[PDB]
Every structure is written in structure tokens, then in C-alpha cells.
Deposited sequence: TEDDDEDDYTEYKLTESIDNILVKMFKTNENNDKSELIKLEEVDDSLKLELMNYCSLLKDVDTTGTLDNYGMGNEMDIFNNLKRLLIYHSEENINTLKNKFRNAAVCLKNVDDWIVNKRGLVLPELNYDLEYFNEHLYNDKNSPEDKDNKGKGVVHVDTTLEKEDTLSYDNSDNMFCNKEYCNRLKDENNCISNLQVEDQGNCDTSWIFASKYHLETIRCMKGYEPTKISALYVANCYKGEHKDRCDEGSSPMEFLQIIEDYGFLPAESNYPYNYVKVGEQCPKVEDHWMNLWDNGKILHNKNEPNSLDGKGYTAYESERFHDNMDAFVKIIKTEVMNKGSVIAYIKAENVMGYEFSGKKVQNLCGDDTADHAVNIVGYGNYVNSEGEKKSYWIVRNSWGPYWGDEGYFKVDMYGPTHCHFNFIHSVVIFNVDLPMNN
């Protein structure tokens, strides 16, 4: 029952609190200062997380021994030496910390395959952070974890349609990502190990005309690849009355049925225009889809609170969502601007699932960290 759900979670919190006490003497302990009572509590922690984790992280990759776990946790504490005690107790619940090689965590956790009124107080042309407003529809769209499949094309696509629905008055009801993963036309594909793109999301909408709610057909990564289900009579259709629009090809955008896409490289010497497009769509639709390169860039220890200064490399393998933006004056006195970005790696990653990245990036970058953005062009009627 829901009871043992909470018993196991309690034991995990207890285990995490014991470890943190032993990891400090406050100054961190050196690896040779590691006695056998830590070694047992580390191993038991990971033995817990494994029996309970639903993300497939530890189903699939080698568990570290006690010294691997110790180093994994030591590196997390270093990368977050400022975080309150509670922000750190939070990251310890990413099962990636039990991995012999934490890089394993994202090998199959990507999923982009490139083809070819008062709302204005919280989101406006200067500043946008709807998460500071605990009443906002968009803020009740909780972060999700795609598990150990390459399905980020679904999570970022469906989030974008979820915020569009929020902007039109609908409740913050989650779309079933699993329905999109398992329901498609064409040749059979390995939906767990081979990603795709928001184009296919739109195609699946056209072909099936139905999007159930998460609770009708809920997601777990091991269920990716099972047969497309019969729609049951009680299922909600979150694509009710939706239509797929189609705008004219513009000279610096890629337009198609249901989407407009913009590539940062095409705006290389006009990035203010690129920024202005994204802000407008974040304000109007609640978010955009963004293409980025995750591999060898982001991992379990990635800071979600510091404004990251990242270069792109002119490729992308992961879809995320830009959900807001802001300005900061950095330590060196310069005024700079960041995107707020939502990931589908669960809430123990980044800043409760989100991160910040400089819009323009450092000056030496030949390519922007944001490879492309994609906006859906659909119609739904306002909710009364």
C-alpha cells in the first residue's frame, strides 16, 4: 500500500542524513578517512535506492563499491558546497550516485534525433519566472523523469503542449508520454533506444487524434515499447478540438505543419532577434522546445542554481524546454541574461529539475548552447 511507499522513503532520508554526518569532520573527509561504518551505510544506502528506484538507472548499469559511492557523493557536495542542508539531501536521491560510472546515467536518457492578467507580474519582456507563482497553472506542471529511455522528444514536446493548454485556461493535466511512445504509424522502431523529434509528436497527433491524460496510461520507462493500448471509454482526450496550423515559410525560419523552428546558427550575428523570438513565445505559449547537446556537458552533479556559461557544438541530442528568463549582474560587474530551462531528468537534478544558462554564452563560443527552438502552431479553443 501507500504505507510502504512512505516507510522506504523514510529509511532513505535516514540513510542520507547518517551519511552526511559522517562525510564531514565543517570540512569534508579525505578518502582514507573512510571507516567501515561509513562503508556499510554507503552500501546500504545504494541497496535501498536500488530496491526502490523507478527510473531504471540501477537496473541497467554497474553499481559502485563503497569507494565509488563515496567519491560520487564527495563530488556532489563539492559542486554544491553552498546549497542548504536540504538542497543537498535532495540530490542524494538521484540513484546515479550509486553508479560505478556516473556517466552511464545519461547514455540512454536523451532522445532527440534531428530529421532531414496577473501572469504579467511574473512573465513579461524583462523577466519571466512563472515558477515563483505557486498558483500559476504552469507551476503545477511538476517535473518528470523520462527514465532510461531516449524519450526526451516526447517529454519536451508534451510539456510545450501542456503550457499551451494552460495559457488557454485548461487545468494543468499531464499528457500520457507512454501513449506517444507506443502509438505510431510506420515501421516498428526501438522506442527506448532510438529517439526522434517534435515533428513526430505532431505526426502522431494527426494520425491518432487522441492524447490521454497521464493517469489514464501512466509512464514508466520499462513500458516503452509495449503495444499501443486501446483507448478506454473513461479516458480524457487532451487533444479535444485541437487543430494543426501551418504558416508561410519565412526566410530565416523552418516552417512545417504544426511547427516553426529557429536555429541559433542562422542568428549568429543577430542574437537579439533570436532572444526576442523566444521571449515572445515563452510569454505567449508558456514555453518553447529547445534542442541541446547533453552528452559530455551535463550530469548528476550539474549545478542548477549557477548561471551556466556553455558553448554548443552545432549538434543536438536532447530536447528540453525554455520556460523563462532573467537578468543578473555577475561577480565581475557585467549585466547578463539567462534562460530558465526545464529538463526531464526528474526533480533531484539541477535546481529541482531546472537550470539556468547564459543566453549569449561566452565570447569564444563558435556555436550557441541552444542549437534550435521549436514552437507548435496549433489551435485549441479557450476554456470557456
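Tell me, which runs of residues in the deposited sequence have no coordinates at all?
Unmodelled stretches, in sequence order: 1-2, 28-34, 126-170.
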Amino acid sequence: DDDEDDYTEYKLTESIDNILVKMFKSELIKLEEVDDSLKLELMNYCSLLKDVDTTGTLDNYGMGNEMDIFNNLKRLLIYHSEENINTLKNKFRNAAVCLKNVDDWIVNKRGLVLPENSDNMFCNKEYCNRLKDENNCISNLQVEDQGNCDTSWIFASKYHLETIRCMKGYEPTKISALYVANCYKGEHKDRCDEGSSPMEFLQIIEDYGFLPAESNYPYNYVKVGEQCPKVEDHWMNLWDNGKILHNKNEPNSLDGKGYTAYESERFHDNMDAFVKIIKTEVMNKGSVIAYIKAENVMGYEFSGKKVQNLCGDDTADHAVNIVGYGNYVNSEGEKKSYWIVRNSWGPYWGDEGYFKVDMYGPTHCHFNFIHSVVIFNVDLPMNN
From here on, numbers count along this sequence of modelled residues.
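Quick one: say whether 373-381 or 2-10 has the higher mean Cα B-factor in the deposited entry.
On average, C-alpha B-factors are higher across 2-10.
Given the B-factors recorded for C-alpha atoms, which segment has the greater mean, 247-255 or 210-218?
Mean CA B-factor is higher for 247-255.
Which one of 34, 69, 316, 320 shows the top CA temperature factor in the record?
Answer for 34, 69, 316, 320: 34, with the highest C-alpha B-factor.
According to the deposited entry, which of 103, 281, 145, 295 has the largest Cα B-factor?
In this record, 295 carries the highest C-alpha B-factor of the candidates.
Going by what the PDB entry lists, where does residue 337 fall on CA B-factor within its chain: lowest, middle or highest third?
Middle third, going by the recorded CA B-factors of the chain.
Which third, lowest, middle or highest, does the C-alpha temperature factor of residue 116 belong to within its own chain?
Its C-alpha B-factor belongs to the highest third of this chain's values.
Which third of the chain does residue 227 land in by C-alpha B-factor: lowest, middle or highest?
Within its chain, residue 227 is a lowest-third residue by C-alpha B-factor, going by the deposited values.
Pull the Cα B-factor of residue 301 out of the PDB entry and bin it into the chain's lowest, middle or highest third.
Answer is middle: the recorded C-alpha B-factor places it there.
Going by what the PDB entry lists, where does residue 87 fall on CA B-factor within its chain: lowest, middle or highest third?
Residue 87: CA B-factor falls in the highest third of its chain.
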